[PDB]
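Each remark here refers to the structure printed beneath this line.
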There are 4 protein chains.
Amino acid sequence: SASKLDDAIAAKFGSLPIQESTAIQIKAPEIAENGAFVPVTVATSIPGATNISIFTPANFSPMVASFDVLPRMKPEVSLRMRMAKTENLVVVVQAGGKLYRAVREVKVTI
Amino acid sequence: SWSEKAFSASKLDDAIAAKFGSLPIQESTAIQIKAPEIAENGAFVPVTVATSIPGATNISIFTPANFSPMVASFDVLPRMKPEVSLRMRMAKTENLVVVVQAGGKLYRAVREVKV
Amino acid sequence: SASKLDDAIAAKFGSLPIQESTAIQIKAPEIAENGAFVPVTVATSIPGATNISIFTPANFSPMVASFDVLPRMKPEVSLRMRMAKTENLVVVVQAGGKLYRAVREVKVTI
Amino acid sequence: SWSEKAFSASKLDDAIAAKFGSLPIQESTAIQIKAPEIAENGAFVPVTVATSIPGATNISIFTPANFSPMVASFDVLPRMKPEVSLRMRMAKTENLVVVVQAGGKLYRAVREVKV
Ligand SMILES: [Cl-]
Ligand SMILES: [Cl-]
């Protein structure tokens, strides 16, 4: 669960310190239909950000996307994600030698 | 200018080779690049890139003229209809080159910004 | 590289001991064309095997497949894999509280 | 026998619910199951399963009658044309049920083995 997320994060980023951040914005519907494609957008204001990655640690492929960027480009990513079940969207930004994390739950109906 | 084009064209070839390997590339209308037609001298230019190439797993963005040509690279699981936004400062007029990797093949589109 | 593989393996299996094993068979062509789909088959004779998983640690999704099985069913998996560049196929079997690993390189041309 | 069928049918429903959630399921000819028509009493039966349902990411195999119905579960990245082989001992005649998950939908096929 948490171990898996951390393992996934580590493979992307190595062993860098992680801390929660509100300087990462995640937009997704609060609740979603089983099987529906759902719009998800992620962004960050962290000046030195050189990567923003999206994890869905409950899924077979825990990393959904990875956006490498030069610093100061305020990257945003938008995609459509199929919602199987109530899950957490976990977003991580690297800026320098620090990792920043934000988490958002999407509830799924049946 | 011609020689400056020749220079940045060679730099771009190397970078695409450095990123994807020495793979053949084709031009595509299935890559969407939005940016201002014109922009302010030395300011931030909003850029948006998407693609409708089926099993697209990478979108890489190149700015040939600049010291490091590859400005961004987006890896994704296929069929998530990705759109990637970024802002980039631009000291002068230049082409934005997008290469998308899908299947075992590279797809390219280019858009100019005047400045 | 190695850290990534181990991180990927850990997310699947947890922190179990891993050891190389020749009781895992991997069939793939020695050399492959850039971009080609290539037949790959994996199997194991390890009696207590309850999982066989296939990793491609160089790729964006390091885990390609995972076959959960009851013990004594001698699982085999066969699939078609797109070969981008010279890479290692890494296969791991869980049997009891032990992890078993076998590695095979597929060279790619250009 | 009817009641024994009713029993194992209920067990199967629960297991598919336990594995995939309470999702609707349809029957499919796009699932290929190979096994002997007949087999020896209490011996190993070779089984092969594949599917051609496009974005198939899981193949799960159920043996309803037995104490634990779900016998195997195959997670895979899509479009790798997976075929999964296993041998299973069978004490008596029984149905093999395969459920494939693709997109946000479940697909089912069944094959009988006499023994
Ligand atoms: Cl929605
Ligand atoms: Cl081959």
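The way I read the labels, and the way they are meant: chains A, B, ... in the order of the structure tokens, residue 1 as the first residue of every chain, and ligand 1 as the first ligand shown, with later ones counted on from there.
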Please find the residues contacting ligand 2 at a distance of at most 7 Å between atoms, with only C-alpha atoms and all ligand atoms counted, and report them as a list in words.
residues 28, 29, 32, 38 and 39 of chain C
Using only C-alpha atoms and all ligand atoms, which residues of the polymer chains come no farther than 12 Å from ligand 1? I'd like the answer as number ranges by chain.
A: 27-41, 79-83, 106-108
Would you mind writing down, as a compact mmCIF listing (two decimals) with N, CA, C and O atoms, in the first residue's frame, each residue of segment 6-67 of chain A that DSSP on the backbone assigns to strand (DSSP E or B)?
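And here's result-v6.txt as it stands now:
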```
# COMPACT_ATOMS: atom_id res chain seq x y z
N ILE A 18 10.94 13.32 0.60
CA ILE A 18 9.59 13.68 0.18
C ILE A 18 8.86 14.42 1.31
O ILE A 18 9.06 14.13 2.50
N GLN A 19 8.05 15.41 0.94
CA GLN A 19 7.24 16.16 1.88
C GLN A 19 5.92 16.53 1.19
O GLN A 19 5.92 16.77 -0.01
N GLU A 20 4.81 16.56 1.92
CA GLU A 20 3.55 17.04 1.35
C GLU A 20 3.70 18.49 0.93
O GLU A 20 4.41 19.28 1.57
N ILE A 24 1.14 21.91 -5.42
CA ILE A 24 0.80 20.96 -6.46
C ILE A 24 -0.72 20.95 -6.50
O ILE A 24 -1.34 20.68 -5.50
N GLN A 25 -1.31 21.26 -7.65
CA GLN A 25 -2.78 21.28 -7.81
C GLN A 25 -3.23 20.01 -8.57
O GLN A 25 -2.65 19.63 -9.58
N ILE A 26 -4.22 19.31 -8.03
CA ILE A 26 -4.83 18.14 -8.69
C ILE A 26 -6.33 18.36 -8.85
O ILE A 26 -7.04 18.50 -7.87
N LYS A 27 -6.80 18.35 -10.10
CA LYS A 27 -8.23 18.49 -10.42
C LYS A 27 -8.70 17.14 -10.96
O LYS A 27 -8.10 16.61 -11.89
N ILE A 31 -16.42 12.22 -7.31
CA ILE A 31 -16.95 10.88 -7.52
C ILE A 31 -17.08 10.60 -9.04
O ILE A 31 -17.31 11.51 -9.86
N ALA A 32 -16.89 9.32 -9.39
CA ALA A 32 -16.87 8.88 -10.78
C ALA A 32 -17.61 7.54 -10.97
O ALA A 32 -17.68 6.73 -10.06
N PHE A 37 -14.07 7.08 -18.29
CA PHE A 37 -12.92 7.97 -18.48
C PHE A 37 -13.25 9.27 -17.79
O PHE A 37 -14.38 9.79 -17.91
N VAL A 38 -12.28 9.78 -17.05
CA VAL A 38 -12.46 10.94 -16.19
C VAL A 38 -11.34 11.95 -16.51
O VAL A 38 -10.19 11.57 -16.66
N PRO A 39 -11.69 13.24 -16.64
CA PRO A 39 -10.62 14.22 -16.85
C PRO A 39 -9.85 14.46 -15.56
O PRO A 39 -10.44 14.68 -14.52
N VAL A 40 -8.54 14.38 -15.66
CA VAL A 40 -7.65 14.68 -14.55
C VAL A 40 -6.62 15.69 -15.06
O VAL A 40 -6.07 15.53 -16.16
N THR A 41 -6.41 16.76 -14.30
CA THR A 41 -5.31 17.67 -14.59
C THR A 41 -4.46 17.86 -13.36
O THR A 41 -4.96 17.89 -12.22
N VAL A 42 -3.15 17.93 -13.57
CA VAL A 42 -2.20 18.19 -12.50
C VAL A 42 -1.32 19.38 -12.90
O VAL A 42 -1.00 19.54 -14.07
N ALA A 43 -0.96 20.21 -11.93
CA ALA A 43 -0.10 21.36 -12.15
C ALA A 43 0.80 21.64 -10.92
O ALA A 43 0.55 21.12 -9.82
N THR A 44 1.82 22.47 -11.10
CA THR A 44 2.59 22.95 -9.95
C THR A 44 3.20 24.32 -10.13
O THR A 44 3.61 24.70 -11.23
N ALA A 49 10.85 23.25 -10.30
CA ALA A 49 10.35 21.91 -10.70
C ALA A 49 10.93 21.45 -12.05
O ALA A 49 10.81 22.16 -13.05
N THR A 50 11.58 20.29 -12.03
CA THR A 50 12.12 19.65 -13.22
C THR A 50 11.36 18.37 -13.63
O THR A 50 11.67 17.78 -14.66
N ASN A 51 10.40 17.95 -12.79
CA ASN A 51 9.53 16.81 -13.09
C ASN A 51 8.24 16.89 -12.30
O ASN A 51 8.22 17.32 -11.16
N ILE A 52 7.16 16.49 -12.95
CA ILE A 52 5.91 16.18 -12.30
C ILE A 52 5.43 14.82 -12.79
O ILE A 52 5.32 14.60 -14.00
N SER A 53 5.23 13.90 -11.84
CA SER A 53 4.82 12.53 -12.09
C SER A 53 3.48 12.19 -11.39
O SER A 53 3.18 12.71 -10.31
N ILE A 54 2.70 11.31 -12.02
CA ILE A 54 1.36 10.93 -11.53
C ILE A 54 1.36 9.42 -11.26
O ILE A 54 1.68 8.62 -12.15
N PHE A 55 1.02 9.07 -10.02
CA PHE A 55 0.97 7.69 -9.56
C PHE A 55 -0.44 7.32 -9.20
O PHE A 55 -1.20 8.15 -8.69
N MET A 63 2.81 3.98 -11.93
CA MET A 63 3.08 5.27 -12.52
C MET A 63 2.40 5.47 -13.88
O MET A 63 2.64 4.75 -14.83
N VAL A 64 1.56 6.49 -13.93
CA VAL A 64 0.66 6.76 -15.06
C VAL A 64 1.33 7.71 -16.10
O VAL A 64 1.14 7.58 -17.31
N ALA A 65 2.14 8.63 -15.59
CA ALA A 65 2.75 9.67 -16.39
C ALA A 65 3.90 10.36 -15.68
O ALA A 65 3.90 10.49 -14.45
N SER A 66 4.84 10.84 -16.48
CA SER A 66 6.05 11.54 -16.02
C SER A 66 6.45 12.64 -17.00
O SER A 66 6.74 12.36 -18.17
N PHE A 67 6.46 13.88 -16.51
CA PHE A 67 6.74 15.04 -17.32
C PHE A 67 8.04 15.70 -16.87
O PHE A 67 8.06 16.43 -15.88
```
Shell of 10 Å around residue 53 of chain D, only C-alpha atoms, local chain residues under 4 positions omitted, as an MDAnalysis selection string
chainID D and resid 28:31 57 78:79 81 100:103 107
Keeping only C-alpha atoms, write the selected residues as a tab-separated table (two decimals), in the first residue's frame.
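Below you can see out-v1.tsv, which holds the result:
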```tsv
chain	number	residue	atom	x	y	z
D	28	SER	CA	-17.66	-13.46	-25.41
D	29	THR	CA	-16.36	-15.54	-28.29
D	30	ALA	CA	-13.19	-13.37	-28.10
D	31	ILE	CA	-11.72	-15.62	-25.38
D	57	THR	CA	-5.51	-6.01	-18.83
D	78	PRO	CA	-2.52	-4.05	-22.97
D	79	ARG	CA	-1.83	-5.22	-26.55
D	81	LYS	CA	-1.31	-10.74	-27.16
D	100	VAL	CA	-11.37	-10.93	-18.95
D	101	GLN	CA	-11.37	-7.28	-17.92
D	102	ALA	CA	-11.03	-4.75	-20.74
D	103	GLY	CA	-11.82	-1.04	-20.55
D	107	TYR	CA	-16.09	-10.50	-20.59
```
Could you give me chain D least-squares fitted onto chain B (all C-alpha atoms, paired in order), as a short mmCIF file (atom, residue, chain, number, x, y, z; two decimals) with N, CA and C atoms, in the first residue's frame?
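Full text of part_33.cif as output:
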```cif
data_model
loop_
_atom_site.label_atom_id
_atom_site.label_comp_id
_atom_site.auth_asym_id
_atom_site.auth_seq_id
_atom_site.Cartn_x
_atom_site.Cartn_y
_atom_site.Cartn_z
N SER D 1 22.00 33.02 -41.26
CA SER D 1 20.58 32.55 -41.09
C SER D 1 20.36 31.17 -41.69
N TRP D 2 20.76 30.99 -42.95
CA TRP D 2 20.75 29.66 -43.56
C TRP D 2 21.69 28.73 -42.78
N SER D 3 22.90 29.21 -42.53
CA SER D 3 23.90 28.48 -41.76
C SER D 3 23.45 28.32 -40.32
N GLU D 4 22.80 29.34 -39.77
CA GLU D 4 22.20 29.24 -38.42
C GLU D 4 21.07 28.20 -38.38
N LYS D 5 20.32 28.10 -39.47
CA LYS D 5 19.30 27.06 -39.62
C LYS D 5 19.95 25.67 -39.72
N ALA D 6 20.99 25.58 -40.55
CA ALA D 6 21.74 24.35 -40.76
C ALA D 6 22.31 23.85 -39.45
N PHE D 7 22.76 24.79 -38.62
CA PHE D 7 23.37 24.48 -37.33
C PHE D 7 22.32 23.89 -36.38
N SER D 8 21.22 24.61 -36.20
CA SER D 8 20.17 24.18 -35.29
C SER D 8 19.43 22.93 -35.79
N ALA D 9 19.40 22.73 -37.10
CA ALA D 9 18.87 21.51 -37.69
C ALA D 9 19.73 20.31 -37.31
N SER D 10 21.05 20.47 -37.37
CA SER D 10 21.97 19.41 -36.95
C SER D 10 21.88 19.11 -35.46
N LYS D 11 21.82 20.16 -34.65
CA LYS D 11 21.63 20.01 -33.21
C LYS D 11 20.37 19.19 -32.92
N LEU D 12 19.26 19.54 -33.56
CA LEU D 12 17.99 18.82 -33.43
C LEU D 12 18.10 17.32 -33.78
N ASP D 13 18.71 17.01 -34.92
CA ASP D 13 18.95 15.62 -35.31
C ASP D 13 19.65 14.84 -34.19
N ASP D 14 20.73 15.42 -33.65
CA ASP D 14 21.51 14.82 -32.56
C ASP D 14 20.68 14.57 -31.31
N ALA D 15 19.84 15.54 -30.96
CA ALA D 15 19.02 15.46 -29.76
C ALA D 15 17.96 14.37 -29.87
N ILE D 16 17.35 14.26 -31.04
CA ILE D 16 16.34 13.25 -31.29
C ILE D 16 17.00 11.88 -31.28
N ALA D 17 18.20 11.81 -31.86
CA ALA D 17 19.02 10.61 -31.78
C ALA D 17 19.38 10.29 -30.33
N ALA D 18 19.80 11.31 -29.58
CA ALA D 18 20.14 11.14 -28.16
C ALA D 18 18.95 10.68 -27.32
N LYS D 19 17.76 11.17 -27.65
CA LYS D 19 16.54 10.79 -26.93
C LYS D 19 15.97 9.44 -27.34
N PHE D 20 15.79 9.23 -28.64
CA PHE D 20 15.05 8.05 -29.11
C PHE D 20 15.93 6.98 -29.76
N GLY D 21 17.20 7.31 -30.01
CA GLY D 21 18.06 6.46 -30.83
C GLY D 21 18.00 6.89 -32.28
N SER D 22 18.70 6.17 -33.15
CA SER D 22 18.76 6.56 -34.56
C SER D 22 17.58 5.99 -35.35
N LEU D 23 16.37 6.37 -34.93
CA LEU D 23 15.14 5.90 -35.56
C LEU D 23 14.62 6.85 -36.65
N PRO D 24 14.11 6.28 -37.76
CA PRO D 24 13.46 7.10 -38.77
C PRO D 24 12.24 7.83 -38.22
N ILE D 25 11.98 9.01 -38.78
CA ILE D 25 10.95 9.92 -38.31
C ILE D 25 10.10 10.31 -39.51
N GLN D 26 8.79 10.43 -39.30
CA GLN D 26 7.92 10.97 -40.33
C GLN D 26 7.18 12.20 -39.81
N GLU D 27 6.67 13.01 -40.73
CA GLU D 27 5.89 14.19 -40.38
C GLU D 27 4.43 13.81 -40.18
N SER D 28 3.77 14.52 -39.26
CA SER D 28 2.41 14.17 -38.86
C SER D 28 1.51 15.39 -38.65
N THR D 29 0.28 15.29 -39.13
CA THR D 29 -0.75 16.25 -38.76
C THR D 29 -1.49 15.81 -37.49
N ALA D 30 -1.19 14.60 -37.00
CA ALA D 30 -1.77 14.08 -35.75
C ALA D 30 -0.99 14.51 -34.52
N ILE D 31 -0.46 15.73 -34.54
CA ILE D 31 0.19 16.32 -33.36
C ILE D 31 -0.33 17.75 -33.33
N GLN D 32 -0.86 18.18 -32.19
CA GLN D 32 -1.47 19.51 -32.06
C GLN D 32 -0.60 20.38 -31.16
N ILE D 33 -0.13 21.50 -31.70
CA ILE D 33 0.71 22.44 -30.97
C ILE D 33 0.07 23.83 -30.99
N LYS D 34 -0.26 24.33 -29.80
CA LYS D 34 -0.82 25.65 -29.65
C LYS D 34 0.19 26.53 -28.98
N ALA D 35 0.43 27.68 -29.58
CA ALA D 35 1.22 28.73 -28.99
C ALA D 35 0.83 29.99 -29.72
N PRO D 36 1.03 31.16 -29.09
CA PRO D 36 0.87 32.41 -29.80
C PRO D 36 1.53 32.42 -31.18
N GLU D 37 0.92 33.14 -32.12
CA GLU D 37 1.52 33.37 -33.43
C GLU D 37 2.71 34.30 -33.24
N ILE D 38 2.46 35.41 -32.54
CA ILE D 38 3.52 36.35 -32.16
C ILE D 38 3.62 36.44 -30.62
N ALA D 39 4.76 36.92 -30.13
CA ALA D 39 5.01 37.03 -28.69
C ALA D 39 5.90 38.22 -28.36
N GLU D 40 5.94 38.59 -27.08
CA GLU D 40 6.76 39.72 -26.62
C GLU D 40 8.23 39.32 -26.56
N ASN D 41 9.12 40.28 -26.80
CA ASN D 41 10.55 40.00 -26.83
C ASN D 41 11.10 39.66 -25.43
N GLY D 42 11.40 38.39 -25.22
CA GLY D 42 12.04 37.93 -23.98
C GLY D 42 11.09 37.61 -22.84
N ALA D 43 9.87 37.18 -23.17
CA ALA D 43 8.83 36.93 -22.16
C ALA D 43 8.38 35.47 -22.22
N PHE D 44 7.48 35.09 -21.31
CA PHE D 44 6.96 33.72 -21.26
C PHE D 44 5.88 33.47 -22.31
N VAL D 45 6.02 32.38 -23.04
CA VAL D 45 5.09 32.02 -24.10
C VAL D 45 4.38 30.73 -23.69
N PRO D 46 3.04 30.78 -23.54
CA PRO D 46 2.32 29.55 -23.21
C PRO D 46 2.31 28.59 -24.38
N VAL D 47 2.63 27.33 -24.11
CA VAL D 47 2.65 26.30 -25.14
C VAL D 47 1.81 25.10 -24.70
N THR D 48 1.01 24.57 -25.63
CA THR D 48 0.26 23.34 -25.39
C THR D 48 0.51 22.33 -26.50
N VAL D 49 0.80 21.09 -26.10
CA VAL D 49 0.97 20.00 -27.05
C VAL D 49 0.08 18.80 -26.70
N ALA D 50 -0.58 18.27 -27.73
CA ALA D 50 -1.32 17.00 -27.66
C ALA D 50 -1.04 16.16 -28.92
N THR D 51 -1.49 14.91 -28.91
CA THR D 51 -1.41 14.06 -30.10
C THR D 51 -2.51 13.00 -30.11
N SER D 52 -2.88 12.58 -31.32
CA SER D 52 -3.88 11.55 -31.54
C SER D 52 -3.29 10.32 -32.25
N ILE D 53 -1.96 10.16 -32.15
CA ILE D 53 -1.28 8.99 -32.69
C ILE D 53 -1.54 7.86 -31.68
N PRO D 54 -2.07 6.71 -32.15
CA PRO D 54 -2.72 5.75 -31.23
C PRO D 54 -1.94 5.37 -29.95
N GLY D 55 -0.89 4.57 -30.10
CA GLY D 55 -0.13 4.08 -28.95
C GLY D 55 1.01 5.02 -28.61
N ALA D 56 0.72 6.32 -28.55
CA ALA D 56 1.73 7.32 -28.21
C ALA D 56 2.11 7.19 -26.74
N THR D 57 3.38 6.89 -26.50
CA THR D 57 3.89 6.71 -25.13
C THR D 57 4.89 7.80 -24.70
N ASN D 58 5.36 8.60 -25.64
CA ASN D 58 6.24 9.73 -25.34
C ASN D 58 5.97 10.90 -26.26
N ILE D 59 5.97 12.09 -25.66
CA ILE D 59 5.97 13.37 -26.36
C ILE D 59 7.19 14.16 -25.86
N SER D 60 8.10 14.45 -26.77
CA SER D 60 9.28 15.22 -26.45
C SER D 60 9.26 16.51 -27.23
N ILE D 61 9.72 17.58 -26.59
CA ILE D 61 9.62 18.93 -27.12
C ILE D 61 11.01 19.52 -27.22
N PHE D 62 11.35 19.97 -28.43
CA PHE D 62 12.68 20.47 -28.74
C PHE D 62 12.64 21.93 -29.18
N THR D 63 13.63 22.69 -28.71
CA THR D 63 13.81 24.10 -29.06
C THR D 63 15.20 24.30 -29.66
N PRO D 64 15.39 23.84 -30.90
CA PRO D 64 16.68 23.62 -31.57
C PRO D 64 17.78 24.63 -31.27
N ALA D 65 17.47 25.92 -31.39
CA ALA D 65 18.49 26.96 -31.32
C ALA D 65 19.21 27.04 -29.97
N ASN D 66 18.50 26.70 -28.90
CA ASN D 66 19.00 26.93 -27.54
C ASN D 66 20.03 25.90 -27.07
N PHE D 67 20.90 26.33 -26.15
CA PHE D 67 22.04 25.55 -25.64
C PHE D 67 21.74 24.07 -25.38
N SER D 68 20.58 23.80 -24.79
CA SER D 68 20.08 22.44 -24.66
C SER D 68 18.74 22.36 -25.40
N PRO D 69 18.69 21.56 -26.47
CA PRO D 69 17.56 21.59 -27.39
C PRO D 69 16.31 20.95 -26.81
N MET D 70 16.46 19.85 -26.07
CA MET D 70 15.28 19.19 -25.52
C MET D 70 14.80 19.87 -24.25
N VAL D 71 13.62 20.46 -24.36
CA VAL D 71 13.06 21.34 -23.35
C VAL D 71 12.12 20.59 -22.37
N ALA D 72 11.56 19.48 -22.83
CA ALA D 72 10.62 18.69 -22.05
C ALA D 72 10.40 17.33 -22.70
N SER D 73 10.05 16.34 -21.87
CA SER D 73 9.78 14.98 -22.35
C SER D 73 8.70 14.34 -21.48
N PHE D 74 7.64 13.90 -22.15
CA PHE D 74 6.46 13.37 -21.49
C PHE D 74 6.31 11.91 -21.82
N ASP D 75 6.53 11.06 -20.81
CA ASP D 75 6.23 9.63 -20.85
C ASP D 75 4.86 9.37 -20.27
N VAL D 76 4.10 8.52 -20.94
CA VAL D 76 2.75 8.22 -20.51
C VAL D 76 2.35 6.80 -20.95
N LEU D 77 1.45 6.19 -20.20
CA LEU D 77 0.80 4.98 -20.62
C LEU D 77 -0.12 5.36 -21.77
N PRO D 78 -0.34 4.44 -22.73
CA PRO D 78 -1.08 4.76 -23.94
C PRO D 78 -2.56 5.01 -23.70
N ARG D 79 -3.20 5.67 -24.66
CA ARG D 79 -4.65 5.92 -24.65
C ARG D 79 -5.16 6.69 -23.41
N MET D 80 -4.38 7.67 -22.96
CA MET D 80 -4.84 8.58 -21.91
C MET D 80 -5.07 10.02 -22.40
N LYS D 81 -5.14 10.17 -23.73
CA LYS D 81 -5.41 11.45 -24.41
C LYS D 81 -4.69 12.62 -23.75
N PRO D 82 -3.36 12.55 -23.69
CA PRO D 82 -2.56 13.53 -23.00
C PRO D 82 -2.40 14.87 -23.70
N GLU D 83 -2.45 15.91 -22.88
CA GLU D 83 -2.17 17.26 -23.27
C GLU D 83 -1.24 17.84 -22.22
N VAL D 84 -0.17 18.46 -22.69
CA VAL D 84 0.90 18.87 -21.83
C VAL D 84 1.06 20.37 -22.06
N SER D 85 1.04 21.14 -20.98
CA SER D 85 1.22 22.58 -21.05
C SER D 85 2.48 22.97 -20.31
N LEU D 86 3.10 24.03 -20.82
CA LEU D 86 4.29 24.60 -20.24
C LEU D 86 4.41 26.02 -20.75
N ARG D 87 5.14 26.84 -20.01
CA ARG D 87 5.48 28.18 -20.47
C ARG D 87 6.98 28.21 -20.74
N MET D 88 7.38 28.81 -21.85
CA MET D 88 8.81 28.95 -22.14
C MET D 88 9.16 30.34 -22.61
N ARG D 89 10.19 30.91 -21.98
CA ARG D 89 10.76 32.19 -22.37
C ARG D 89 11.50 32.01 -23.69
N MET D 90 11.42 33.02 -24.54
CA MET D 90 12.02 32.94 -25.85
C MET D 90 12.69 34.26 -26.19
N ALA D 91 14.01 34.22 -26.35
CA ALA D 91 14.81 35.40 -26.62
C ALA D 91 14.67 35.90 -28.06
N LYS D 92 14.27 35.00 -28.96
CA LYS D 92 14.09 35.36 -30.37
C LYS D 92 13.15 34.38 -31.06
N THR D 93 12.78 34.71 -32.30
CA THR D 93 11.94 33.83 -33.12
C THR D 93 12.56 32.45 -33.24
N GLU D 94 11.73 31.42 -33.13
CA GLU D 94 12.22 30.04 -33.19
C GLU D 94 11.12 29.03 -33.46
N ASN D 95 11.53 27.86 -33.94
CA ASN D 95 10.63 26.74 -34.15
C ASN D 95 10.55 25.85 -32.92
N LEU D 96 9.34 25.37 -32.65
CA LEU D 96 9.08 24.36 -31.64
C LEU D 96 8.90 23.04 -32.36
N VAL D 97 9.71 22.06 -32.00
CA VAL D 97 9.63 20.76 -32.63
C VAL D 97 9.13 19.73 -31.60
N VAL D 98 8.10 18.99 -31.99
CA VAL D 98 7.55 17.91 -31.18
C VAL D 98 7.79 16.60 -31.93
N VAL D 99 8.38 15.65 -31.23
CA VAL D 99 8.51 14.28 -31.70
C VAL D 99 7.69 13.38 -30.74
N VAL D 100 6.81 12.58 -31.33
CA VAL D 100 6.00 11.63 -30.60
C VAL D 100 6.48 10.24 -30.98
N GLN D 101 6.62 9.38 -29.98
CA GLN D 101 6.95 7.99 -30.21
C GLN D 101 5.70 7.14 -30.00
N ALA D 102 5.40 6.32 -30.99
CA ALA D 102 4.22 5.45 -30.97
C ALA D 102 4.54 4.17 -31.69
N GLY D 103 4.24 3.03 -31.07
CA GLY D 103 4.69 1.75 -31.62
C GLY D 103 6.21 1.80 -31.68
N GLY D 104 6.79 1.32 -32.76
CA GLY D 104 8.23 1.43 -32.96
C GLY D 104 8.57 2.49 -33.98
N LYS D 105 7.95 3.67 -33.84
CA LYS D 105 8.01 4.71 -34.87
C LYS D 105 7.95 6.11 -34.27
N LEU D 106 8.66 7.05 -34.90
CA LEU D 106 8.68 8.46 -34.49
C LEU D 106 7.88 9.37 -35.44
N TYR D 107 7.16 10.31 -34.85
CA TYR D 107 6.27 11.20 -35.59
C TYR D 107 6.61 12.61 -35.19
N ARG D 108 6.67 13.51 -36.17
CA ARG D 108 7.14 14.87 -35.93
C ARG D 108 6.20 15.93 -36.46
N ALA D 109 6.09 17.02 -35.70
CA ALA D 109 5.46 18.24 -36.17
C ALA D 109 6.22 19.43 -35.62
N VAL D 110 6.06 20.56 -36.29
CA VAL D 110 6.82 21.74 -35.96
C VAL D 110 5.88 22.92 -36.04
N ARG D 111 6.07 23.88 -35.14
CA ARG D 111 5.34 25.13 -35.19
C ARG D 111 6.26 26.31 -34.91
N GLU D 112 6.15 27.36 -35.72
CA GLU D 112 6.96 28.55 -35.55
C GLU D 112 6.28 29.55 -34.61
N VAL D 113 7.10 30.24 -33.83
CA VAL D 113 6.68 31.41 -33.08
C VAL D 113 7.58 32.57 -33.51
N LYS D 114 6.97 33.69 -33.92
CA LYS D 114 7.71 34.91 -34.24
C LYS D 114 7.87 35.77 -32.98
N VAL D 115 9.04 36.40 -32.84
CA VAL D 115 9.35 37.19 -31.65
C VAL D 115 10.59 38.05 -31.85
#
```
Distance of atom CA of residue 45 of chain C from atom CA of residue 76 of chain C, expressed in Å to one decimal place
9.6 Å
Determine, counting only C-alpha atoms, which protein, DNA and RNA residues have an atom within 9 Å of an atom of residue 11 of chain A; residues of the same chain fewer than 2 positions away are not included. Present the result as a PyMOL selection string.
(chain A and resi 6-9+13-15) or (chain C and resi 1+3-8)
Could you tell me how far atom CA of residue 103 of chain C sits from atom CA of residue 78 of chain C, in Å to one decimal place?
16.0 Å
So which one's closest to chain D, C:46, C:110, C:16, C:77? Using only C-alpha atoms, please.
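Counting only C-alpha atoms, the residue closest to chain D is C:77.
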Among chain A, which ones does DSSP place in helix (DSSP H, G or I), written as a ChimeraX atom specification?
/A:2-13
